[PDB]
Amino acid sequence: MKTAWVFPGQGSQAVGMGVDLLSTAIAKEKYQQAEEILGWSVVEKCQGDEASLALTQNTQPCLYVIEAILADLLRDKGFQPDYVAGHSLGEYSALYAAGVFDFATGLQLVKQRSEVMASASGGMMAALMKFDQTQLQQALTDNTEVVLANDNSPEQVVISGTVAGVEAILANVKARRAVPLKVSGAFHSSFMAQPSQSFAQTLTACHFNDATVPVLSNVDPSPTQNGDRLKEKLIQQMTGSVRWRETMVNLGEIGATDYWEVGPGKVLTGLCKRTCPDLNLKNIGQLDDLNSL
């Protein structure tokens, strides 16, 4: 048996997430750490307005803090990961889970990362479920204003770019539904370049430990544990595509028999269903999940 822990990103947040975790000493502590580092309470913010929670400058550090808490809760129960990965923001949680940086260093990175992306608005992203893979390529080949930002499952991708451009492909690629994401930036595309290049200055000055388990990174989901290759892949992540489909395939084939989504929602196990359906799925995002072992 080999188990992957995978960490969900933006879009998996829901109101009330993490709040039941608060009766554990581990959660209480890290929440207080997050509060001193961030200047606001993650618990309080997770119980706020829905739209407000979805603002990426709230969502990202909220998801990271909760996911790091879940990882440590899992550890305390004795469970340990064989492989880690995370979807966009999730990668940070995965990196913390793998010893690459400590809790606090990670939260500071996430905080800055999410500020950059929140201020780096202008453009737009949309998701496509059940599309003509052929018609997608024609609409994307030679397209300077629209790129592929997530490759999530054979049935699903996310495109990214100018408002005009993304609306176009929407109307002239067979598929529905085709749903604008609740984000207002051209994330995971070259539009993030100038934003991604100041944050990269910050990232390179940060020492990365080697990982205690294999990390499969978004831009290159081949397993590795080298601290410097992982930083390199992470630095590349903000302008680059999330190869999550390939992440799951790599998992299933390098040995992993089980696949645990460590965080709120069912998005990453949902994806795994229609990609590697012979893998065993758990969703660990609530105390109730933890208690069932």
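Numbering starts at 1 and follows the sequence shown.
Higher mean CA temperature factor, per the PDB entry, when comparing 191 to 199 with 168 to 176: 168 to 176.
The stretch with the higher mean CA B factor, choosing between 105 to 113 and 177 to 185, is 177 to 185. Per the deposited coordinates, the residue with the largest Cα temperature factor out of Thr212, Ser93, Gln156, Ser217 is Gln156. For the set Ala98, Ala139, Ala85, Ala149, the PDB entry puts the maximum C-alpha B factor at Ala139.
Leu290: CA B factor lies in the middle third for its chain, per the PDB record.
Sort the chain's modelled residues by C-alpha temperature factor and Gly270 lands in the middle third, per the entry. In the PDB entry, a CA B factor belonging to the middle third of its chain's modelled residues is recorded for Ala4. Ranked by C-alpha B-factor against the other modelled residues of its chain, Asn250 falls in the middle third. Sorting the modelled residues of the chain by their CA temperature factor places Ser41 in the middle third.
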